[PDB]
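Trainee:
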Ligand SMILES: CC1(C)Cc2c(C#N)c(SCCc3ccccc3)nc(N3CCOCC3)c2CO1
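Chains as they are written, first to last, in the authors' numbering: chain E, 11 to 166; chain C, 39 to 329, 570 to 668, 678 to 864; chain B, 39 to 329, 569 to 668, 678 to 864; chain A, 39 to 329, 569 to 668, 677 to 865.
1. Cβ of residue 762/B less than 8 Å from any chain A Cβ?
2. Applying the criterion that 16 or more other CB atoms from any shown protein chain within 10 Å of the CB defines a buried residue, is residue 273/A buried or exposed?
3. Does the segment 40–60 of chain C come within contact of the segment 81–99 of chain C, defined as at least 3 CB pairs closer than 8 Å?
4. Going along the chain, which residues of its own chain have a beta-carbon closer than 8 Å to the beta-carbon of residue 251/B, five neighbours each way excluded?
5. Based on the DSSP output, what are the partners of residue 143/A in its beta bridges?
6. When we look at the beta-carbon of residue 135/C and count the other beta-carbons within 10 Å, is it buried (16 or more) or exposed?
7. How far does the alpha helix (DSSP H) with residue 113/C in it extend, from its first residue to its last?
8. Measure the Cβ-Cβ separation of residue 674/A and residue 793/C and say whether it is below 8 Å.
9. Taking contact to mean 3 or more Cβ pairs, one atom from each stretch, closer than 8 Å, check whether the segment 182–190 of chain B and the segment 768–776 of chain B are in contact.
10. Mapping the DSSP letters down to three states, classify residue 690/C as helix, strand or coil.
11. Pull up the distance between the alpha-carbon of residue 575/A and that of residue 593/A, whole angstroms please.
12. With 16 other CB atoms within 10 Å as the buried threshold, where does residue 328/A fall?
13. For residue 789/A and residue 748/A, which I take to be in contact (beta-carbon distance under 8 Å), what is that distance rounded to the nearest angstrom?
14. So does residue 571/A have its beta carbon nearer than 7 Å to some heavy atom of ligand 1?
15. Taking only heavy atoms of ligand 1 into account, decide whether any of them is closer than 7 Å to the Cβ of residue 326/C.
16. Is it buried or exposed for residue 258/B, if we count other Cβ within 10 angstroms and need 16 for buried?
17. Out of curiosity, what's the CA-to-CA distance linking residue 122/B and residue 60/C?
18. Is any heavy atom of ligand 1 found at a distance shorter than 7 Å from the C-beta of residue 299/C?
19. Ligand 1 heavy atoms versus the CB of residue 616/C: any closer than 7 Å?
20. May I ask which residues mark the beginning and end of the beta strand (DSSP E) holding residue 207/C?
21. Looking at chain A, is there any beta carbon in it that lies within less than 8 Å of the beta carbon of residue 669/C?
22. What three-state label does DSSP hand residue 718/C in the structure shown?
23. Sort 780/A, 831/A, 850/A by Cα distance to residue 225/C and report the nearest one.
24. Relative to the alpha-carbon of residue 153/B, which residue among 287/B, 246/B, 100/B has its alpha-carbon at the smallest distance?
25. Closer than 7 Å by C-beta to residue 604/B: which residues in its own chain qualify, once you throw out the five before and the five after it? Chain order, please.
26. Roughly how many whole angstroms lie between the Cα atoms of residue 297/C and residue 171/C?
27. Do residue 66/B and residue 818/B have their beta-carbon atoms positioned less than 8 Å apart in this structure?
28. Along chain B, which residues have their Cβ under 7 Å away from the Cβ of residue 316/A?
29. Between which residues of its own chain and residue 156/C is the CB-CB distance below 6 Å, once the five residues before and five after are set aside?
30. If you compare alpha carbons, which of 814/B, 82/B, 684/B is closest to residue 827/B?
And the structure:
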């Protein structure tokens, strides 16, 4: 596709908000994907760069882009405790029950790292509380296994 | 220059964090009671390599330093993983540079670099090691290993795994004491005395191919060649070397302390002349460096492969061999090697010039050549490629409070972003190391493995042995002891989907695929972890702006450094100590 | 002084005889071919520890001696138990006395004695140990390990044993080399190269707690936290320290043979000044013993004395310096469990620091008079040798020359001591330097009964040892630092003889078998500290010339007395008497 | 003479090739990057022994040479077989020849050769070995081990194997770390603190004999003494010494490189003086070789020769000095199974001590005249190189395999060079190999397909074979307070003839006893009982003399012309006297 594709992946990767605007403006493919299938929105979501997430979404970035293992930007934001990104992704239409190749959902991941504020927002937006991964496990099983009583309360 | 000792260890198939936390930390923690130590630095990388460099006070006797470091390392050896102990952990004086680099090439296209490396190992290196005034000699490549390249589909067909393969090779490529008939103490009057000779080490691909893995219930035999391809090959494949586009190996030769350079160089050249009658066809000796060699760095992006780097190095070689045909004798292209990082995405070209007197005029001097090379290489896409001939400062950012790699990177980026705000005082303030890159995280599900009766050892040996390789034991090749390695044939260990082609046998004999008890995902992590005086570190280089002193640049770095998050410290090293 | 090289090694849960016979004898037998060795001595202790002291002729290059020693030891390492090898054997070339002590307290009481000791172990000790001139560093405390405190009732409920716990920890707290995607040699056209990351070391009690021991036949899960309490705690619990009565830890530092005291102390201070800014709040360095304005006090209780009775005596010592001598004494740093020469529940040391000389005017407020008064004040403490000393009669070794054994050598020692007590005009205070035998719990495993039940001896001995002695399983990463993991019974299931009967082992047929079905036990005596001298069993005797009598006359009488000892008992002079 | 560091290792029951290929080569490959090294040589023997000699430039600091050798050795140590590591690999910096021999005898004849050798190993050797200036100490004999001599009929009668014996010994001769009652951290208030003492090492044959191998279904017990004889005995039985025909042991002592001979000898005597008052009755030190006054006699039979045939030649030598030279000779200390090239069944040595200078008047009664007559009298002993001498025109030649030709081709080549040197008596005298010839060996092939089919494991097959016919060091025990080894091996009468292979049974997975003959075949073949290597390549040392009046220079030069015509791949180098 584009040389600016790769520059945008790199700039989103490294949190360079200004370099990201300038590249958006010059036609850089907003859904350019690297070798593992990560888009700028994936990278910005994983590394916690909120402004870049926002700029990209406004420029039409595919909110539900999936990587080669089926994981979406919301999987990454939920897993790495980035609350304000989780909220924006879900507001711009992120699929709250997206499953990866393993059947893992953003809820499973937030639950596993005990990100409680994130777990609440996911349930706010309709996250399926009884979704099973390929092993039969729910967010509730994950709370029991990790002995995280606060998270057990929240999932009843 | 202050004397330095380097400890080198290798853990095949290990990632940077595995190496650090099972080797590097353990060794660092045992570097006490050593005299005259100024500082210690280490790096641990994704090629399974650790290097710990100890730097001693100027005037320290380097041999005493070496021996003290050695003894402490050797006492710590039982604390290290078996796989690392079996590779040898070397402790060498690292301060000195090469007397000469000797290239060994094949010109008539009959021999791979592994063939050549083996020839050198077996016929050349030892006679060079014993030559007058020679010290350390490094081989560039290895002697052959017997390579067993496994096929998962054939293994699953016959309900076998890599574990069965490794067990069978230990059992059938063996050599043990069997005693004697009529040995002492004997029945008195015994006339017959003879050694008993039982199994002996295997000597060839044919013999390995006949290893019996299993007799089926129908009475058919499964032999090792039915689940694997079998060849003599390299111990490892991280480096590809060419000399003017031809396959190469070589020797890196060091001068013994208090020996003469010119007499040693002539004594080596003489010794190498004696061997020339015995070469096979087209083997040839070349001398890329001997007491105007410059270098060209090649750096591809995160995740880039050996083949992509090779393509770029090939463009670099072709350029010097055509656009500088009047100036350039040779290009020695080393794919997988850099200073500041090994890996599939780096390489370095050693360019050797023709004589001063055959390059008249300033256009044909090194400085003009290098600037032209750099201008030409600037229009290669998706590679940074820099020609250079071999002031600054050397800073270490230090994790002082158990912050972890991720928080240390964020502090590093806080300092680098601040140093950029003062271009009046500082320029080119940059990491010396590497950035985190995508990695494939596989979780084994312990409950599923238990339910199914799949053992975790079987799981982890199957994954490790197939995808990383395993040094099983030794064999004898044309009378010389050499290693035996099991690994997946390349096309079954390339991509995530290949993980599910590998099967493990449960306790009830059913074959279970990897996907039944595992899940995976992409994440970032480090391909090269750095430590300084036993603590996690990130080295940062830089220089004073124009018309400012190094001392002034340092003062600002310290001041910027005082504003970093809690638990982040620093120290000055190297040129800046 | 004759240079001394010291080898130290450890075997967790081993008694003196075990240490002596699997470690000490083996190292000793292999100290051949070393130049200028004058003599060799060793202790094998019921703390699971051995110290071998090799003393070289005067003028020997200590560098060379250390190296020659380390090289012989390296060649013997494969003959030692895996449990000892894996602790790390150390070899040192240093003074036996302390150059200085670095104390560490928490001024805001935010951190316990145990937290502080770990902070010191984990953040300060190694850089101090790498400082040039630093010969030996003793932590006055222990680094944390991950402690798995097993409950035998809960293990038996789920038909598990410590063997199953250990197996599961090694399998689930693992660091796995998994290779790469697109690894070399690659296929043609490969675009992706990435490390594969599988299992990594666990980092938290949470993680160890969810180690999955087993899935019951009804599908429920038995996690490690269901049979154990999981906490960070010391690799050992033997050494506790206080600074002016407050919780403390610290580093006792000994000068490397031939090093410069003053430069080494300065380098140590320079290194501590690099660490101070990153301390957690409250943490503070104090300087309780800088070597004339300082002295020590030794506390030796008889073997068999416990941590609490040693503590009681240390409290009396500390109290005296902080009440009676408060106009002269600035501080006391007291260590329970360490005693200058040796390490044990029955021993302690106090490091005393005086106020400025200028503010202690008068002969009666100088070191000599103070130590002398303190020795007098402590001379009437019951069943404790307590003495204050700044830092010569005779030093005698009774030697087992003919395989006589411990018991006979003790009788022979006692005969010589009794004979020497009957010459009070010639000899004074002729005494053992070592320890008396004490009660020990002898347990006999019935091999016939184990085999009849299908119980494996290795499971029995691993069960006994791991529970009652502790077992170092493998390593984990605590806040980025490699540290150890230990399994052991929780305290309350390993206190009394009846507790033996509550440990169960699983037979080949799946039945749980109590230890009482295949064992029997009795009380007996044995040694908490076995000594050797030049490779043979030995007993060190100290003493002096009586008043008005020469050392050489006293020695001559000791030789006379020694010549009438039972057959096979020899002797030799060492130390000051060589 | 140039300084030499020596690496020595042992692999019990190993043949020469096995030693070479699992031990010697692995070490050798690391011996480079060592300062002032001139050359390296090695022997790998069918006694299961390897010795590598690294020879340094004159004036090299021996302390540093030893250090640097050992640091390269450490790279090979974890690649070595565990049976080698466990024997204790040694690295020494000694002179190659003896400074003195300390003899030990029992004037009351109440102790055998075996008893005496054990007493010396257990109470005397270590302290000598620790003495400064002592480079190497050789025991003429062997320390006692606990010997379990297995009987294969009795083992098969109870469905047991050596694997079971070895397993039981490891389980029941054990030293257990069992912790404490009331240890730390305690329940606060705990008063009781006591060490737990569980199993401890066995100390006696009686305790070994009652080891419980199994309980039958009927409840009867199979004890280790029901399948083996149990006694104290040598770790090995290869070295046997006599002093004036009387049972003896001793220490052969070599001087550490650069150490003072007088000083060192004196400290050895001082240390012996500490031991003497505690000797059992009858025991006494004798001094059969102080370094004219003395000389040695070397005895070398051809490979294949047993202890019996070597003893015979030694008796003829000893008989000579006690009958014919009885007015000159005070004492003969004769050692069967150890000679100049170290250990082997076909070698021996006599140390001869003469009476006082002044009780031997006349030039024919001096060392030179005596050794000449002895060498003369011994020259007609057949199948024996016997000579007497007291400690030059010669050359030291190394034939080297430089192309992977293998041992058989290198022999062929050697024979070709030796035959052509025989046709030049004008220039070359006594051109001979320094080494040993190939001898018959019993080659046994495990059939993997049969083993797998019957369900017998290969480790079980190999242990059974190795332990029975070679012996196996199981673990340690305590003999009269001293750590010592425990060995299992077949009783002699079950490991003497080829048919004995078939009386050893291995137990399959299904419980069936399977004789060795069901999964094995065998044949005679030839191989080497001493493989030599020079600078890391297979080699064959050839010795010889400049013919009368001709220079070493001219004889060396001829040997080069002869060598130049040898097959492709075969090279040479000069070592020792010929190096410079
Ligand atoms: C003096 C200089 C700068 C010159 C110099 C040259 C040249 N010319 C080469 S040539 C490439 C040889 C080779 C062949 C196969 C595999 C790896 C390397 N290689 C060097 N290396 C040093 C570290 O190990 C290998 C690379 C150096 C470093 O010192």
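By construction, the Cβ of each residue, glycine as well, lies at the ideal position given by its N, Cα and C atoms.
Mentor: Taking the coordinates as given:
1. The residue you call residue 762/B lines up with position 476 of the third chain. By this cut-off, residue 762/B is not an interface position.
2. The residue given as residue 273/A occupies position 235 in the fourth chain. By the 10 Å Cβ count, residue 273/A comes out buried.
3. yes
4. By one-based count along the third chain, residue 251/B stands at place 213. Result list for residue 251/B: 196, 198, 202, 203, 206, 260, 261, 262, 264, 265, in chain order.
5. As a working note, residue 143/A is residue 105 in the fourth chain. DSSP, once it has assigned bridges, lists 286/A, 322/A as partnering residue 143/A.
6. As a working note, residue 135/C is residue 97 in the second chain. So residue 135/C ends up on the exposed side.
7. For the purposes of this step, residue 113/C is identified with residue 75 of the second chain, where counting begins at 1. Looking at the DSSP string, the run of the alpha helix (DSSP H) that includes residue 113/C is 100–114.
8. Regarding the residue in question, residue 674/A is not represented: chain A runs 668 and then 677, omitting everything in between.
9. yes
10. To locate residue 690/C, count along the second chain from 1; it is residue 403. Looking at residue 690/C - three-state DSSP - the assignment turns out to be coil, as it is neither helix nor strand.
11. By one-based count along the fourth chain, residue 575/A stands at place 298. By one-based count along the fourth chain, residue 593/A stands at place 316. The alpha-carbon atoms of residue 575/A and residue 593/A are separated by roughly 13 Å.
12. Here the question's residue 328/A lines up with position 290 in the fourth chain. Flag for residue 328/A reads exposed.
13. Taking the first residue of the fourth chain as 1, we reach residue 789/A at position 504. Taking the first residue of the fourth chain as 1, we reach residue 748/A at position 463. Wrong, their Cβ atoms sit about 11 Å apart, outside the cutoff.
14. Residue 571/A sits at position 294 when you count from the first residue of the fourth chain. Answer for residue 571/A: no, Cβ out of range of ligand 1.
15. Counted from its first residue, the second chain places residue 326/C at position 288. Under cutoff, so the answer is yes.
16. Looking up residue 258/B in the third chain gives position 220. The residue in question, residue 258/B, is exposed, as its Cβ has fewer than 16 Cβ neighbours within 10 Å.
17. Taking the third chain and counting its residues from 1, the one referred to as residue 122/B is at position 84. Taking the second chain and counting its residues from 1, the one referred to as residue 60/C is at position 22. So the two alpha carbons sit approximately 19 Å from each other.
18. Here residue 299/C is taken as the residue at index 261 of the second chain, counted from 1. Not so, every heavy atom of ligand 1 lies at least 7 Å from the Cβ.
19. Position 338 of the second chain, counted from the start, is the residue given in the question as residue 616/C. No, since every heavy atom of ligand 1 falls outside the 7 Å radius drawn around the Cβ of residue 616/C.
20. Indexing the second chain from 1 puts residue 207/C at position 169. Looking at the DSSP string, residue 207/C is not in any beta strand (DSSP E); the run it does join, the alpha helix (DSSP H), is 200–210.
21. Missing from the coordinates is residue 669/C; the shown part of chain C jumps over it, going from 668 to 678.
22. Translated into positions along the second chain, residue 718/C becomes position 431. It is a strand residue.
23. The count along the second chain starts at 1 and reaches residue 225/C at position 187. Of the candidates 780/A, 831/A, 850/A, the one whose C-alpha sits nearest the C-alpha of residue 225/C is 780/A.
24. By one-based count along the third chain, residue 153/B stands at place 115. Ranking the options by Cα distance to residue 153/B, first place goes to 287/B.
25. Here residue 604/B refers to the residue found at position 327 when the third chain is read from its first residue. Taken in chain order, the list of residues that qualify is empty.
26. Reading the second chain from its first residue, position 259 is the one you call residue 297/C. Reading the second chain from its first residue, position 133 is the one you call residue 171/C. Cα-Cα distance, rounded: 5 Å.
27. On the third chain, residue 818/B is found 532 positions in, with the first residue counted as 1. On the third chain, residue 66/B is found 28 positions in, with the first residue counted as 1. Yes, these two residues count as a Cβ contact at 8 Å.
28. For the purposes of this step, residue 316/A is taken as the residue at position 278 of the fourth chain. Simply 687, 688, 854, 856.
29. Indexing the second chain from 1 puts residue 156/C at position 118. So the qualifying residues of the chain are 181, 182.
30. As a working note, residue 827/B is residue 541 in the third chain. It is 684/B.
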